[PDB]
Protein chains: 2
Amino acid sequence: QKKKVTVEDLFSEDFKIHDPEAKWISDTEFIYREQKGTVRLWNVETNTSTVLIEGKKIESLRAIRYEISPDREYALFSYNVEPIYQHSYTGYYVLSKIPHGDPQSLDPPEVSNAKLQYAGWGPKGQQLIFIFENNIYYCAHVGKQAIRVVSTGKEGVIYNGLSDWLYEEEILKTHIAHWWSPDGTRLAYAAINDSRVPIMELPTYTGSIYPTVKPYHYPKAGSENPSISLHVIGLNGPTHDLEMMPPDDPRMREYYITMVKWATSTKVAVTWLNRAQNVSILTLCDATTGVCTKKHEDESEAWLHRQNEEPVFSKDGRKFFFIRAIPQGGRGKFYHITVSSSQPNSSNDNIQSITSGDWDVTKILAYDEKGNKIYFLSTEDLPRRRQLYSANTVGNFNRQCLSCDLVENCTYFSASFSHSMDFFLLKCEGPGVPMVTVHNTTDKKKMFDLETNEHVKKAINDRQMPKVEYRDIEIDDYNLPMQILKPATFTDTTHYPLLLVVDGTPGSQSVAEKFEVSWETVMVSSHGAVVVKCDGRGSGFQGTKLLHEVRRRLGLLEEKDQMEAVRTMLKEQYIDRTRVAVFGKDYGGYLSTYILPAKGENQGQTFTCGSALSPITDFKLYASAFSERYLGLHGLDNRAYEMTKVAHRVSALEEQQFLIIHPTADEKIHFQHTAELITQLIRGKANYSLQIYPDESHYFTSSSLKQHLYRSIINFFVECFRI
Amino acid sequence: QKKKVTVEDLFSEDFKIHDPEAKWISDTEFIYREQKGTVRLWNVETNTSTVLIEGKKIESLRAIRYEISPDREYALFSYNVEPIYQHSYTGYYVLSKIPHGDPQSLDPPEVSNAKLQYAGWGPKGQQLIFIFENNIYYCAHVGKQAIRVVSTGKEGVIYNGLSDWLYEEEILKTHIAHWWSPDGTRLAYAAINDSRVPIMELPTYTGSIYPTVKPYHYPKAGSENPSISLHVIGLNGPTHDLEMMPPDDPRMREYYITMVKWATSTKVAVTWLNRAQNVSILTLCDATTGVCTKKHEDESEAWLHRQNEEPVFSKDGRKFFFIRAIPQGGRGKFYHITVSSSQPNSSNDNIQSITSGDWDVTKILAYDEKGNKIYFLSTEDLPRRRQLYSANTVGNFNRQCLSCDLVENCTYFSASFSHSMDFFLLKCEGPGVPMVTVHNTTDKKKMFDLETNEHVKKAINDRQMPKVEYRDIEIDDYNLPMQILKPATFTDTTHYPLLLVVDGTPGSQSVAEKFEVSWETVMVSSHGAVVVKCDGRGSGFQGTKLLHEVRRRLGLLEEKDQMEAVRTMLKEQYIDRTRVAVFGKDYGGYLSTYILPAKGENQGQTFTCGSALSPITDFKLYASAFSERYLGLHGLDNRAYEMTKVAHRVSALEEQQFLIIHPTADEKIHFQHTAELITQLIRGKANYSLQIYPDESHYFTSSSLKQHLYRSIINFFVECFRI
Ligand SMILES: *[C@@H]1O[C@H](CO)[C@@H](O[C@@H]2O[C@H](CO)[C@@H](O[C@@H]3O[C@H](CO)[C@@H](O[C@H]4O[C@H](CO)[C@@H](O)[C@H](O)[C@@H]4O)[C@H](O)[C@@H]3O)[C@H](O)[C@H]2NC(C)=O)[C@H](O)[C@H]1NC(C)=O
Ligand SMILES: *[C@H]1O[C@H](CO)[C@@H](O[C@H]2O[C@H](CO)[C@@H](O[C@H]3O[C@H](CO)[C@@H](O[C@@H]4O[C@H](CO)[C@@H](O)[C@H](O)[C@@H]4O)[C@H](O)[C@@H]3O)[C@H](O)[C@H]2NC(C)=O)[C@H](O)[C@H]1NC(C)=O
Ligand SMILES: *[C@@H]1O[C@H](CO)[C@@H](O[C@@H]2O[C@H](CO)[C@@H](O[C@@H]3O[C@H](CO)[C@@H](O)[C@H](O)[C@@H]3O)[C@H](O)[C@H]2NC(C)=O)[C@H](O)[C@H]1NC(C)=O
Ligand SMILES: *[C@H]1O[C@H](CO)[C@@H](O[C@@H]2O[C@H](CO)[C@@H](O[C@@H]3O[C@H](CO)[C@@H](O)[C@H](O)[C@@H]3O)[C@H](O)[C@H]2NC(C)=O)[C@H](O)[C@H]1NC(C)=O
Ligand SMILES: *[C@H]1O[C@H](CO)[C@@H](O[C@@H]2O[C@H](CO)[C@@H](O[C@@H]3O[C@H](CO)[C@@H](O)[C@H](O)[C@@H]3O)[C@H](O)[C@H]2NC(C)=O)[C@H](O)[C@H]1NC(C)=O
Ligand SMILES: *[C@H]1O[C@H](CO)[C@@H](O[C@@H]2O[C@H](CO)[C@@H](O[C@@H]3O[C@H](CO)[C@@H](O)[C@H](O)[C@@H]3O)[C@H](O)[C@H]2NC(C)=O)[C@H](O)[C@H]1NC(C)=O
Ligand SMILES: *[C@H]1O[C@H](CO)[C@@H](O[C@@H]2O[C@H](CO)[C@@H](O[C@@H]3O[C@H](CO)[C@@H](O)[C@H](O)[C@@H]3O)[C@H](O)[C@H]2NC(C)=O)[C@H](O)[C@H]1NC(C)=O
Ligand SMILES: *[C@H]1O[C@H](CO)[C@@H](O[C@H]2O[C@H](CO)[C@@H](O[C@H]3O[C@H](CO)[C@@H](O)[C@H](O)[C@@H]3O)[C@H](O)[C@H]2NC(C)=O)[C@H](O)[C@H]1NC(C)=O
Ligand SMILES: *[C@@H]1O[C@H](CO)[C@@H](O[C@@H]2O[C@H](CO)[C@@H](O)[C@H](O)[C@H]2NC(C)=O)[C@H](O)[C@H]1NC(C)=O
Ligand SMILES: *[C@H]1O[C@H](CO)[C@@H](O[C@@H]2O[C@H](CO)[C@@H](O)[C@H](O)[C@H]2NC(C)=O)[C@H](O)[C@H]1NC(C)=O
Ligand SMILES: *[C@H]1O[C@H](CO)[C@@H](O[C@@H]2O[C@H](CO)[C@@H](O)[C@H](O)[C@H]2NC(C)=O)[C@H](O)[C@H]1NC(C)=O
Ligand SMILES: *[C@H]1O[C@H](CO)[C@@H](O[C@@H]2O[C@H](CO)[C@@H](O)[C@H](O)[C@H]2NC(C)=O)[C@H](O)[C@H]1NC(C)=O
C-alpha cells in the first residue's frame with residue numbers, strides 16, 4: 001500500500017532523531033542544548049528560553065563539540081575533531097564570549113595552532129584544563145595563561161587525565177579520566193602507565209607508497225596490564241601533588257581503578273578491582289592525606305559486575321547510597337540500592353537495602369536529602385523496559401513509579417533532575433518514536449515538550465514499519481526473552497525466511513523496547529523477513545545467577561539458548577526451514593560463526609548462510625580485561641581459552657555461505673582474529689568470503705561507510721534468501 | 001563412458017610425472033638421477049648403470065636436495081624442518097661418502113647445528129663452499145675445516161654469493177649469484193648491497209599473540225635499487241679479492257649485472273644492463289686485473305630483452321657464440337645466433353649471424369669446436385613448439401633438425417649433450433605425456449628410454465582428457481596464436497560456457513604444446529567448459545616488434561587482443577554468450593580485472609564473472625625492475641603509471657561477480673595491491689569478494705594448499721556457470 005523502509009530512508013534527514021541533549025544548570029533551568037542549530041537556555045519556572053549560542057557554531061568550522069562555562073560567560077568549541085577509540089574529543093579548541101563574536105585558539109604555552117586531546121570547563125567560575133601530549137594544563141581565569149600542572153606525560157605510553165585503550169574500551173568506559181572536586185580547588189586524575197604493556201602493531205596498506213604499521217599498547221589475555229595510580233593536586237597555590245594509596249588485601253596486588261568520585265571537597269571515593277575481577281574495594285581517601293580507608297568490599301565466585309557504579313553521598317559527605325547485588329532470597333542476587341553511613345566502622349556494615357525483588361535497579365539519578373526521595377531507573381516493570389521510580393530514604397522505602405504509563409507510546413526511559421529535584425527532564429527512547437519532555441518532580445505533570453521529532457513521526461507513518469512481538473521462552477529456572485520482528489504486512493499463508501540476529505555479549509541486553517531502525521528494519525520491510533533476537537544466559541538485567549551461567553563456558557550455553565530460540569521459531573508455519581540465516585558483530589560475530597551447525601544429524605544444515613562482523617575468534621588474542629573476566633586469569637593456562645576457540649566449530653560447516661566482514665585497522669577486535677579464523681577455514685576446507693575495509697578502524701563513524709556496510713550486509717542475506 | 005579428470009586426480013600419485021633430472025658427468029655418462037628413490041649412474045657406451053646413492057636419502061630426513069661431488073666420492077644432502085620448498089637452498093646440509101654410511105653436519109666454524117643458505121660442490125676434486133649469514137666459506141678437502149673467504153655479509157642487507165629479492169625474482173632469475181672458474185682456482189661472486197634500498201613491511205596476523213611485521217628490502221618503481229659489484233678471489237693462497245670494474249658509457253651510471261660466465265680460467269664474461277634497461281654491454285674481464293673490456297653492446301628504443309643470455313666460448317676462449325635480436329629484413333628483429341672473435345677490436349664488430357628468419361632461437365645447448373656443430377632449441381617449427389637443431393659453425397650454416405618428428409606424440413623439447421656432444425639427453429614436455437630419451441648426436445637413434453612415466457600414460461588413458469585445438473587469429477601485421485580446450489565429449493548441439501584464462505606477462509607465452517594438467521583440465525573434463533588462451537602483442541617468441549607493442553601501454557593492447565579472441569570464440573554456436581568468465585594470476589590477474597567490461601554499449605556485459613589471483617593493480621607499487629622496463633623510469637613521473645592503473649577500469653563493473661584471491665604475506669605482488677584495488681571497488685560501489693591466505697607467501701609450495709587453491713577456483717566459475 002505504501003513505501004517500504006529502505007536504506008536511503010535510514011540515512012534520511014527525515015528519519016534523523018534530534019537529541020536536544022538537555023542539561024540542568026540550576027534547580028530552575030536546563031541548557032536547552034541545540035534545538036537544530038542555536039543553543040538556548042530554558043527556565044522552567046517562568047518560560048524564559050534565552051539564547052546562549054547560535055548558528056555561529058557552523059561558523060567555527062562546524063564545531064563538533066561545545067561547552068558553555070559555569071559562569072555562563074564563555075563557550076568552549078572544538079572543530080575538525082578526529083576520532084580515536086570509542087569516544088575521543090580530540091581536535092582544535094577555541095574560546096569565545098557568551099553572546100557572540102571573537103573566537104580564540106586554545107593552545108598550550110609557546111606552541112602554535114595545535115590539536116588538543118581534551119578541553120572542558122571546571123566546576124566554578126570559568127576555570128578550565130586541557131590536555132596536550134598527555135600533560136594537564138590549567139587556566140583559572142579565561143585570560144590567564146595555561147600552566148602545566150602535570151608534566152609526566154609521554155605520548156602513547158604515559159597517560160594522565162585520559163584513558164589508554166584498555167581503560168577507555170574495557171575498564172572505565174570513558175576516555176576522560178580526571179575529576180574536579182566540587183569546589184574546583186582540587187583536581188583528581190588517573191595516571192596510566194602502559195610502559196610495560198605489550199605493543200600491538202596495526203597493519204596499514206593505503207597511506208604512503210610504503211605503508212607502515214601503527215603501534216599502540218594493547219594487552220592480550222595474560223600479558224601485563226597498564227599500571228594505574230590516582231593523584232590529586234591543588235588548583236591554587238604551589239599545588240602539592242599527592243598519590244592516593246591503595247588498600248592491601250593480598251587479593252589486590254594487581255588491580256584496576258574502576259570508579260572515582262568526590263564525596264566532598266576533601267574526600268574522594270574509589271573502587272579498586274583486582275585483575276581477576278573477583279574482589280572489589282570501595283574507599284574513601286583524604287585528598288590531603290593520601291590515606292584511603294576501606295568503606296566496604298565485595299567478592300564473588302564468578303566475577304564482580306557493574307563496577308563503575310558511582311555512589312550517591314549526602315551533601316555532608318555523611319551516609320551514602322550505593323547499588324550492588326544482594327541475595328534476594330532464592331534465584332541468585334539482584335542489583336538494588338543500599339545505604340551506609342559515611343564512616344563505616346571496621347566491625348560490620350551499615351548494610352540495609354532500600355529496594356528488593358527479582359528485578360534490577362539500573363541507575364541512581366538523584367537523592368533528595370530534604371526528606372526521603374531517591375530517584376532511579378529499574379527493570380521492575382519488565383526487564384525489557386526502563387521506568388523512572390522513587391523511594392523513601394526513611395522508614396518505609398515505598399516505591400512510587402513516576403513514569404509508568406505517563407507520556408504513553410513509550411516505556412523505555414532516561415531522565416535527569418534539576419539541581420533541587422524540583423523538575424526533571426524525561427526522555428523516551430522507545431518503543432515509539434523518541435522524545436524529550438519536562439515535568440515537576442512532585443506533580444509528574446508534563447510542563448511542556450522539549451523535542452517531539454515530528455519529522456520522524458511523520459516519515460515513519462508513511463512506511464510499512466515492521467511489527468514487534470515479544471515471546472519469553474525458557475531453559476531451566478530461567479525465562480529467555482526474545483523479540484521477533486514481522487514484515488508489517490504479515491499474513492500466515494506465506495512462508496518467510498528466518499534471520500537470527502545475535503549479539504550475546506555477557507551482561508548486555510538484546511531484547512528491549514527501545515526505538516531502533518537499522519538494516520534489520522530494511523530486511524523486514526523491504527525484503528520481508530522475520531528477524532529474531534533472544535537473550536540467553538549471560539544476558540544482563542536478570543540477576544547474577546543468569547549472568548554468571550557462562551563463566552568459563554563462553555559460547556557454549558549461548559549456542560544452545562540461541563539454537564533453542566531458533567527451533568521454537570522454526571516450529572511456526574509462517575517460516576520455512578529452508579531459508580534460515582544468522583548474523584552477529586563483535587562478540588556477536590563470535591557466536592554468529594559459532595552457530596553454523598546442524599541440529600540432530602539426520603536433520604542437518606540448520607542454517608543456509610551466516611555472517612560475522614569483526615568477529616572475535618580466540619580469547620587468547622582478545623583484551624585481557626574482557627577474556628580474564630569470564631575465563632579467569634591465563635598464564636598458567638586456564639585452559640578455557642582452548643575450548644572456547646571458535647576454531648573447533650568451523651570443522652563442521654558443510655554447505656553454508658559464510659561472509660566475514662572486518663575493518664583492517666580494527667583496534668578493538670584485531671583483524672588477527674579473522675586471519676586466524678580463515679586459516680582454520682582453509683585447513684578445514686570450508687567455504688568463506690571476506691569483505692575488508694582497508695585501514696578502517698573498528699567503529700565506522702562515517703555515514704558514508706556505515707551505509708556501504710549496511711548495504712553489503714543486506715545484499716548478502718537477501719541473496720541466499722530469494723529462491 | 002569413463003572417469004572425468006578430477007582435482008583428486010591432479011594430486012594423484014598416478015598423474016605425478018617423474019623427472020629423472022638426468023645430468024652428464026662426462027662425454028660417456030650421465031647421473032641417472034633418482035629413478036624413484038635410488039640415484040644411479042648410467043654409462044651410455046656400455047650400459048653400466050651403477051648405484052651412487054639409494055633410498056638412504058629417505059633416511060637423512062628425506063633430504064630435499066642432494067649433489068654428488070665431482071670426484072664422485074661424496075654426496076651433499078639437505079632437508080627442511082617446517083617443510084616448504086621454493087629452492088632457496090636453505091636448510092640443514094649433511095655430507096656422506098659415496099657408497100653409503102656415516103653422515104656429517106656441515107656447519108660453519110665454531111657454530112653448532114645451524115641452517116645454511118647454500119652448499120653445493122666446486123668444479124674439481126671435492127672442493128665446496130657454503131653460505132652462512134651472507135658470508136662465503138670454503139673447504140677444498142672434505143676433511144679440511146671451512147675458511148670464511150668473504151665476510152662482509154649482513155643478514156638481509158649485504159648479500160654476496162646469493163641474490164637479494166629483486167635479483168632473484170626479476171633481474172637474475174636465480175638465487176645463486178656466484179660462479180667458479182673452470183679450473184676451480186678462482187671464484188667469482190656478486191655482492192649485492194640493499195643498504196639504501198627502501199624496506200617493505202609485510203603484515204603478519206597468525207604467529208604469536210602479538211603478530212609482528214616481516215621486513216625486507218623491496219624496491220618499488222622509482223625508488224633506489226640494490227647496488228651490485230662483481231668480485232673474484234683466489235681459492236688457494238692468501239686469496240686477493242678483486243672487484244671487476246664496470247664500463248663508462250654515461251648511459252650506464254645505474255646498472256644491473258644480468259649475466260656472468262667464465263670464458264676461460266682467467267677471463268670472465270659480464271653483461272651490464274642499465275636501470276632503464278635500454279643499453280647493454282657485454283664484457284670480458286681479467287680475473288687478475290679487474291679490467292673489463294667492451295666486447296660488444298646493444299641498445300634499443302623500447303627495452304633490451306633476454307639479457308641473461310650466456311655466450312658460448314671456444315675452449316681457447318677465442319671466438320664465441322652469442323644470441324641477440326638481428327633486424328631480419330622486415331617485420332621487427334628476431335633472436336638468432338651470432339659469432340664474434342674473442343678479441344673484438346674497437347672499430348667494428350666481427351658481426352655475422354649463423355641463423356636467420358622470422359622465428360626465434362631460444363637456447364644454445366652446445367658447441368662442437370671439432371668442426372662445425374652448434375646445437376640449440378628454436379621456434380623454427382612452430383612458435384608453440386621446441387625442436388632441437390644444429391648448424392654448421394663454418395661455410396654454410398646448414399640447419400639440420402635433430403628432433404622434428406623423432407619420438408612422436410611430442411613436439412616440445414629440452415635436451416643436453418654429453419661432455420663431447422657424442423650423446424644427448426632429450427626430454428619431451430608435450431604435447432603427449434612427458435618422457436626422457438637418450439640418443440647419439442650423429443645417428444639420432446634412441447639408444448634407450450630413461451623415463452617413460454607409464455603410470456601417467458595409463459591413468460590419462462582412463463580419463464576423458466580435454467581436446468586441444470590451435471586457432472591463430474590476427475590483428476594488424478601480427479597473427480595471435482590461441483589454443484582452445486574442448487570437453488573431450490564435445491558435440492556441437494549443446495552450448496558450453498566460455499572460460500578465458502589470461503596470463504599476458506610481456507615476453508611470456510601462453511599457447512604452447514607442453515603437457516599440463518591443472519584445475520583448467522578439471523573445468524573442461526569434470527564440468528564441461530571450453531577454456532581459451534591467446535597470446536596477443538607483448539607475447540614473446542615472435543620477434544621484437546610484437547613484444548614491444550605494449551611499451552608504455554601495459555594492459556591496453558592486451559585488452560583488445562584478448563577481447564578479440566573472446567569475440568571470435570563467441571561467434572561459434574557451441575558457446576553461449578550468457579556464460580563467459582575470465583581468470584588470471586599475477587600480471588594475469590591485472591589483465592583479468594582489467595577485462596571486465598561490455599563490448600559496444602547496447603551489447604554490454606561481456607563477462608558474467610572473473611577472478612584474479614595476486615593481481616598487480618598499480619605499477620607504482622610493483623618491483624622497479626619490472627615496471628620501469630615497460631613504462632620507463634619513474635621519478636619525474638613518466639605518467640604511464642597513471643593510465644595503466646587498473647583502478648580506471650573497475651569504474652564500469654555493473655553485474656559481474658569478482659573474486660579476488662590473495663595470499664597475505666605475498667612477497668612478490670604485495671597484498672597492498674589488492675588492498676588499494678578494493679578501496680577503489682568500494683568508492684566505485686562495485687561488488688567483489690575476497691579470499692585470503694593468512695601469512696602465506698606468494699608461491700603456494702604446499703600440495704595441501706595448492707589443492708585448496710584449485711578447489712576454490714573451480715568452485716567459483718563452476719558456480720556462476722551452472723544455470
Ligand atoms: C563448498 O562449496 C562447494 C560448491 O561450491 C560444495 O560442494 C558441493 O557439495 C555437495 C554436497 O556435498 C556435492 O553434492 C551435490 O549433490 C547435489 C545432489 O545430491 C547436486 O546438486 C544438483 O543441483 C545443483 C544445483 O546447482 C547442480 O549444480 C548439480 O549439477 C546437481 O545436479 C550437486 O551438484 C552435487 O552433486 C556437490 O558435488 C558439490 N558441488 C560442487 C560443484 O562443488 C561444498 O559442499 C562446500 N563445502 C565444502 C567444500 O565442504
Ligand atoms: C512554557 O510552558 C507552557 C505550558 O503550557 C508551554 O505550552 C505548552 O502547553 C500548551 C497547553 O498546555 C500546549 O498547547 C498546544 O497544544 C494543544 C493541543 O494540541 C492546543 O489545544 C487546542 O488546539 C485546538 C486546535 O484544534 C484549538 O482550537 C483549541 O482552542 C485548543 O487550544 C493548543 O492550541 C496549543 O497548540 C503547547 O503546545 C505547549 N507548548 C509546547 C509546544 O510544548 C509553552 O510552550 C512554554 N513556553 C514557551 C516558550 O513556549
Ligand atoms: C551488485 O550486486 C547487486 C545485487 O547483489 C546488484 O543489484 C541488482 O541490480 C539490478 C540492476 O542493476 C537490479 O534490477 C534488476 O532489474 C531487472 C530489470 O531489467 C529485473 O528483471 C530484476 O528483477 C532486477 O530488479 C536488481 O534488483 C539488483 N538486485 C538487488 C535486489 O539488489 C548490483 O547491480 C551489483 N552492482 C552494483 C551495486 O552496481
Ligand atoms: C611508567 O612511567 C613511570 C613514570 O610514571 C616510569 O618511571 C621511570 O622508571 C624507570 C625504571 O624503568 C626509572 O629509571 C631507573 O631509575 C633507577 C633509579 O633508582 C636506576 O637505578 C635505573 O638504572 C633506571 O635509570 C625512572 O627514574 C622512572 N622515571 C622517573 C624519574 O620517575 C616507569 O619506568 C614506567 N613503567 C614502569 C612501572 O617501569
Ligand atoms: C577469584 O579468582 C582468583 C583467581 O583465581 C582466586 O584466587 C586464587 O588465585 C591464586 C593465584 O595466586 C590461585 O592460587 C593457587 O592455590 C593453590 C592451592 O593449592 C596453589 O597450590 C597454587 O600454587 C596457587 O597458589 C587460586 O587458584 C585462586 N583461587 C581460586 C578461585 O581457585 C579467588 O579465590 C577467586 N575468588 C572467588 C572464590 O571467587
Ligand atoms: C502513539 O501515538 C501516536 C501519536 O503521537 C499515534 O499516531 C498515529 O499513528 C498511526 C499509525 O498506525 C497513524 O495512522 C495512519 O494515519 C494516516 C492518516 O493520514 C493514514 O494515512 C495511515 O494509513 C495510517 O492509518 C495515525 O495517523 C496517528 N495518529 C495521529 C493522526 O496523530 C501512534 O499510532 C501511537 N503509537 C505508535 C507510535 O504507533
Ligand atoms: C652497503 O654496504 C657497504 C659495504 O659493502 C657500506 O659501506 C659503508 O659505508 C659507510 C657510508 O655509508 C661507511 O661509513 C663512512 O665511512 C667514512 C670513511 O671515510 C667515514 O668518513 C664516515 O664518517 C662514515 O663512517 C662505512 O665505513 C662502510 N662500511 C665499511 C667499513 O666497509 C655502504 O655504506 C652500504 N651502502 C651505501 C652505498 O651506503
Ligand atoms: C642399454 O641399451 C640397450 C639398447 O637398446 C637397451 O635396450 C633397449 O632397446 C631394446 C631394443 O632397441 C628394447 O627392446 C625390447 O623392447 C621393445 C619395446 O616394445 C620390444 O619391441 C622389443 O621386442 C624388446 O622386447 C629394450 O627393451 C630396451 N631397454 C630399455 C629399458 O630401454 C638396454 O635396456 C640398456 N641396458 C639396460 C640396463 O637395460
Ligand atoms: C652413435 O654414432 C656413432 C658415430 O658418430 C657410432 O659410431 C660409428 O660411427 C662411424 C661414423 O663416424 C661409423 O663409421 C661406424 O660404423 C659407427 N660404429 C658402428 C660400427 O656402429 C656409434 O656407434 C653410435 N653410438 C655409440 C658411440 O655407441
Ligand atoms: C508543578 O505543577 C503543579 C501544577 O499542577 C503545581 O502544584 C500546586 O502546588 C501548590 C503548592 O505551591 C499547591 O498549594 C497547589 O494545590 C498545587 N496545585 C494543584 C491543586 O495541583 C506545582 O506547584 C508545580 N511545581 C512545584 C513542585 O511547585
Ligand atoms: C633509453 O631510455 C633512457 C632513459 O629513459 C634514455 O636516456 C635519456 O635519459 C634521460 C634521463 O636523464 C632522459 O631525460 C632522456 O629523455 C633519455 N633519452 C631519451 C630516450 O630521450 C636513452 O636514450 C633511451 N634509449 C633510446 C634512444 O631509446
Ligand atoms: C601416441 O602414442 C601412444 C602410444 O604410446 C598412443 O596410445 C594410445 O592412446 C589411446 C588413447 O586415445 C589408447 O586408447 C590406446 O590404447 C593407446 N595405445 C596403446 C594400446 O598403447 C596415443 O594414442 C598417441 N597419442 C597420445 C599421447 O594419446
# chains A, B, ... in the order shown; residues from 1 in each chain; ligands from 1

call {"tool": "residues_near_ligand", "arguments": {"ligand": "ligand 10", "cutoff": "6 Å", "atoms": "only C-alpha atoms and all ligand atoms", "output": "list in words"}}
result
residues 422, 440, 442 and 443 of chain A

call {"tool": "select_by_dssp", "arguments": {"residues": "segment 384-591 of chain B", "states": "alpha helix (DSSP H)", "output": "ChimeraX atom specification"}}
result
/B:454-461,519-525,543-548,557-570,587-591

call {"tool": "write_last_selection", "arguments": {"atoms": "N, CA and C atoms", "output": "tab-separated table (two decimals), in the first residue's frame"}}
result
chain	number	residue	atom	x	y	z
B	454	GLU	N	54.89	-44.55	-17.43
B	454	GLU	CA	53.76	-45.35	-17.87
B	454	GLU	C	52.57	-45.13	-16.96
B	455	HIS	N	52.83	-45.02	-15.66
B	455	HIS	CA	51.78	-44.78	-14.67
B	455	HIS	C	50.84	-43.74	-15.26
B	456	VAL	N	51.42	-42.58	-15.54
B	456	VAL	CA	50.71	-41.44	-16.09
B	456	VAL	C	50.01	-41.73	-17.41
B	457	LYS	N	50.71	-42.40	-18.34
B	457	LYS	CA	50.12	-42.71	-19.63
B	457	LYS	C	48.88	-43.59	-19.45
B	458	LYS	N	48.94	-44.47	-18.46
B	458	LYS	CA	47.82	-45.35	-18.18
B	458	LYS	C	46.67	-44.48	-17.67
B	459	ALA	N	46.86	-43.93	-16.48
B	459	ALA	CA	45.88	-43.08	-15.82
B	459	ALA	C	45.22	-42.05	-16.75
B	460	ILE	N	46.01	-41.45	-17.63
B	460	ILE	CA	45.48	-40.46	-18.56
B	460	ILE	C	44.50	-41.12	-19.54
B	461	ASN	N	44.86	-42.31	-20.01
B	461	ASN	CA	44.02	-43.05	-20.95
B	461	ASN	C	42.73	-43.57	-20.32
B	519	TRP	N	43.68	-27.19	-12.70
B	519	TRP	CA	42.25	-27.03	-12.44
B	519	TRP	C	41.49	-26.71	-13.73
B	520	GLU	N	42.21	-26.28	-14.76
B	520	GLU	CA	41.59	-25.97	-16.04
B	520	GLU	C	41.13	-27.28	-16.66
B	521	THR	N	41.97	-28.30	-16.55
B	521	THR	CA	41.66	-29.63	-17.07
B	521	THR	C	40.37	-30.12	-16.41
B	522	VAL	N	40.29	-29.92	-15.10
B	522	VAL	CA	39.12	-30.33	-14.33
B	522	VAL	C	37.88	-29.58	-14.82
B	523	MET	N	38.02	-28.29	-15.07
B	523	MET	CA	36.91	-27.47	-15.55
B	523	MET	C	36.38	-27.95	-16.89
B	524	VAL	N	37.28	-28.37	-17.77
B	524	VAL	CA	36.88	-28.85	-19.09
B	524	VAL	C	36.30	-30.25	-18.97
B	525	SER	N	37.04	-31.13	-18.30
B	525	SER	CA	36.62	-32.52	-18.11
B	525	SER	C	35.41	-32.70	-17.20
B	543	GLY	N	59.43	-12.22	-32.34
B	543	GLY	CA	60.14	-11.00	-32.65
B	543	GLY	C	59.84	-9.73	-31.89
B	544	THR	N	60.90	-8.95	-31.75
B	544	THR	CA	60.91	-7.66	-31.08
B	544	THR	C	59.67	-6.80	-31.31
B	545	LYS	N	59.33	-6.58	-32.57
B	545	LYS	CA	58.18	-5.76	-32.94
B	545	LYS	C	56.91	-6.11	-32.16
B	546	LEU	N	56.52	-7.38	-32.19
B	546	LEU	CA	55.33	-7.84	-31.48
B	546	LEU	C	55.47	-7.57	-29.98
B	547	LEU	N	56.59	-8.01	-29.42
B	547	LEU	CA	56.89	-7.85	-28.00
B	547	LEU	C	56.75	-6.42	-27.47
B	548	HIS	N	57.43	-5.49	-28.12
B	548	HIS	CA	57.43	-4.08	-27.73
B	548	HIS	C	56.15	-3.31	-27.97
B	557	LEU	N	46.62	-2.66	-25.08
B	557	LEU	CA	46.51	-3.51	-26.24
B	557	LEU	C	46.01	-4.89	-25.83
B	558	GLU	N	46.71	-5.54	-24.90
B	558	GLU	CA	46.30	-6.87	-24.48
B	558	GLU	C	44.82	-6.99	-24.14
B	559	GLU	N	44.18	-5.87	-23.82
B	559	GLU	CA	42.76	-5.90	-23.51
B	559	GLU	C	42.01	-6.16	-24.82
B	560	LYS	N	42.43	-5.46	-25.86
B	560	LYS	CA	41.82	-5.59	-27.17
B	560	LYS	C	42.11	-6.95	-27.78
B	561	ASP	N	43.39	-7.32	-27.80
B	561	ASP	CA	43.80	-8.61	-28.34
B	561	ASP	C	43.03	-9.74	-27.67
B	562	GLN	N	42.86	-9.63	-26.35
B	562	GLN	CA	42.14	-10.65	-25.61
B	562	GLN	C	40.64	-10.58	-25.91
B	563	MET	N	40.08	-9.38	-25.93
B	563	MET	CA	38.66	-9.24	-26.23
B	563	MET	C	38.35	-9.75	-27.63
B	564	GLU	N	39.29	-9.56	-28.54
B	564	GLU	CA	39.10	-10.01	-29.91
B	564	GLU	C	39.08	-11.53	-29.98
B	565	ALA	N	39.91	-12.18	-29.18
B	565	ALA	CA	39.96	-13.64	-29.16
B	565	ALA	C	38.68	-14.19	-28.53
B	566	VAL	N	38.10	-13.41	-27.63
B	566	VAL	CA	36.86	-13.80	-26.96
B	566	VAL	C	35.72	-13.67	-27.96
B	567	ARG	N	35.69	-12.55	-28.67
B	567	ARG	CA	34.65	-12.33	-29.66
B	567	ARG	C	34.61	-13.44	-30.70
B	568	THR	N	35.73	-13.68	-31.37
B	568	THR	CA	35.79	-14.72	-32.39
B	568	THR	C	35.40	-16.09	-31.84
B	569	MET	N	35.47	-16.25	-30.52
B	569	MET	CA	35.12	-17.51	-29.89
B	569	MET	C	33.63	-17.48	-29.56
B	570	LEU	N	33.11	-16.27	-29.34
B	570	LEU	CA	31.70	-16.08	-29.03
B	570	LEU	C	30.85	-16.34	-30.26
B	587	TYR	N	50.49	-10.98	-13.25
B	587	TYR	CA	50.24	-9.95	-14.25
B	587	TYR	C	48.94	-10.34	-14.94
B	588	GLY	N	48.64	-11.64	-14.88
B	588	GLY	CA	47.42	-12.15	-15.46
B	588	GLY	C	46.22	-11.72	-14.65
B	589	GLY	N	46.42	-11.50	-13.36
B	589	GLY	CA	45.33	-11.05	-12.51
B	589	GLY	C	45.04	-9.61	-12.85
B	590	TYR	N	46.08	-8.88	-13.23
B	590	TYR	CA	45.94	-7.48	-13.60
B	590	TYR	C	45.06	-7.39	-14.83
B	591	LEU	N	45.41	-8.16	-15.86
B	591	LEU	CA	44.64	-8.18	-17.10
B	591	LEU	C	43.25	-8.69	-16.80

call {"tool": "closest_atom_pairs", "arguments": {"of": "chain A", "to": "ligand 3", "cutoff": "8 Å", "atoms": "only C-alpha atoms and all ligand atoms", "output": "CSV"}}
result
residue,atom,partner,partner_atom_place_in_ligand_line,distance
A:715,CA,ligand 3,5 (O),5.5
A:716,CA,ligand 3,5 (O),7.4
A:718,CA,ligand 3,31 (C),7.4
A:719,CA,ligand 3,5 (O),6.8

call {"tool": "write_last_selection", "arguments": {"atoms": "N, CA and C atoms", "output": "tab-separated table (two decimals), in the first residue's frame"}}
result
chain	number	residue	atom	x	y	z
A	715	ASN	N	22.58	-7.06	1.20
A	715	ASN	CA	22.82	-7.72	-0.08
A	715	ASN	C	23.23	-9.18	0.06
A	716	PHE	N	23.78	-9.54	1.21
A	716	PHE	CA	24.22	-10.91	1.44
A	716	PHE	C	23.05	-11.83	1.76
A	718	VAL	N	19.75	-11.20	1.75
A	718	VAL	CA	18.69	-11.06	0.76
A	718	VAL	C	18.95	-11.99	-0.42
A	719	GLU	N	20.23	-12.27	-0.67
A	719	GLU	CA	20.62	-13.16	-1.75
A	719	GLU	C	20.31	-14.59	-1.38
